[PDB]
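Quick notes on the structure that follows.
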There are 2 protein chains.
Amino acid sequence: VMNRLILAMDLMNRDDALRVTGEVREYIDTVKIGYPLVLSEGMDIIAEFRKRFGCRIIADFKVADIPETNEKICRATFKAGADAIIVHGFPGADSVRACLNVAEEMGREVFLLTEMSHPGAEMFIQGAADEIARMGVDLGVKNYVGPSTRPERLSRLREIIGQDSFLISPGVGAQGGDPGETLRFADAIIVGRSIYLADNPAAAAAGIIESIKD
Amino acid sequence: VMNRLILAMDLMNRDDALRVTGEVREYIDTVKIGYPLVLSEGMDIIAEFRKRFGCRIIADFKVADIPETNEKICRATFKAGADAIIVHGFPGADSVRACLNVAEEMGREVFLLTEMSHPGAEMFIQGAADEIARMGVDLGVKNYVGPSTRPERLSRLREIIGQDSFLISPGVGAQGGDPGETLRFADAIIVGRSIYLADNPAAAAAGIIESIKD
Ligand SMILES: Nc1c(F)c(=O)[nH]c(=O)n1[C@@H]1O[C@H](COP(=O)(O)O)[C@@H](O)[C@H]1O
Ligand SMILES: Nc1c(F)c(=O)[nH]c(=O)n1[C@@H]1O[C@H](COP(=O)(O)O)[C@@H](O)[C@H]1O
């Protein structure tokens, strides 16, 4: 991922999302698009971004349904041009394998979300997260998401998935995570508000990149 | 809910979804629309259904993000005209309260998903589900989802949320759940494929209603 930095583009109107993404494009290779933007502007926004910026797109849909519904969500998402989809592990192995099967059919990839970055993740997700990660390994998952806000958890998750797996990490900036500490364990960081709410998003991106080039 | 039966409309093209929903409308009051249909046809499908059928709409989005993202997803969903949204409890209390706050602002309702109906729910969700339900009660949640496929779990969940709470239950028909047994505990059942894949969806709906009128 260019500069190890993934933009979380959670602005909800197309003109602002296009402006900010264009402004920071010299600093990123990869944009995470989630439901805030997709439910406001439509699934066609994925192909628009992919074309206009020549960026890879991760669909952050935190897929969390039964296997049959997960299969449908994944097929619609890859049809729309997404390169990868984020899938929750908490609903269990059959729900994850349904997503992996569609990704295998469509030549796409699944990111398994293990532990989440927000405080409420401590209630139920954290206690299951090591086991969710192991389940991923056992299913052949190669791409994972884990929390910038808890680098000791991010270290453990790295220890389970091994060095060859690809690990991306949200919670940097607004939620309190640090770029450099997070990159001790993750391959790339995800950053939303610290960039997209900045008075100068390009300067904010450049500042983050500076802080991690060294 | 009319006849205690909620249609899970998971067909992915608008013409088929409109046909089947129109055919079974004399038997239902309430349609659950999820991401299979919304990601294929757009969020405008919610208002279209609400107008064309004069049905209530539950947006089955199994919201499962951090509080800030959950707030956005809920606002976009209620803006599109949904009456209610299904929210996962597994990400914890702050993520649920974010949805409750937007529902309170928009005059809408949240359904808390406790235990899911598919086999993989046994891995991580089932062991947390009683505690998820209690958390709902502690947050003032009045509407819940629990599994037709495990009526002993559905009985326990009813015992936690009490008799005044409203409980809906998927997993009837295709997944193995029984309409009448499920309605010992749930106020309404959710049915998808057993209706929408039937050669005659109206006859399938009518058959289910017959089996539970007695
Ligand atoms: N995908 C995520 C997770 F798995 C997770 O555990 N925590 C997250 O924040 N996100 C997303 O990452 C972004 C964080 O944005 P920012 O805080 O503004 O920098 C948002 O899109 C979140 O929905
Ligand atoms: N909302 C759900 C849950 F919380 C859950 O635990 N299990 C489910 O199946 N659904 C949804 O209920 C419907 C079940 O559809 P059918 O099997 O064809 O009858 C689908 O839309 C599922 O996504």
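One-based numbering along the chain as shown.
Yeah, the Cβs are placed from backbone N, Cα and C, and that goes for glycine too.
Annotated features in Swiss-Prot:
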- B:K62: active site, proton donor (ACT_SITE)
- B:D10, B:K32, B:60-69, B:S117, B:170-180, B:192-193: substrate binding site (BINDING)
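Listed binding-site residues: B:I66, B:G177, B:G192. Those with a CB atom under 6 Å from ligand 2: B:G192. Note: B:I66, taken in sequence order from the binding-site residues B:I66, B:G173, B:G177, have a C-beta within a distance under 8 Å of a chain A C-beta.
In the three-state DSSP assignment, the secondary structure recorded for B:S117 (substrate binding site) is coil. B:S117 (substrate binding site) sits 13 Å from the residue listed as 'active site, proton donor', taking the Cα positions as reference.
Close contacts with ligand 1, defined as a Cβ under 6 Å from any of its atoms, occur at B:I66 among the recorded positions B:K62, B:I66, B:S117, B:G173, B:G192. Distance from the CA of B:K62 (active site, proton donor) to the CA of B:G177 (substrate binding site) is 21 Å.
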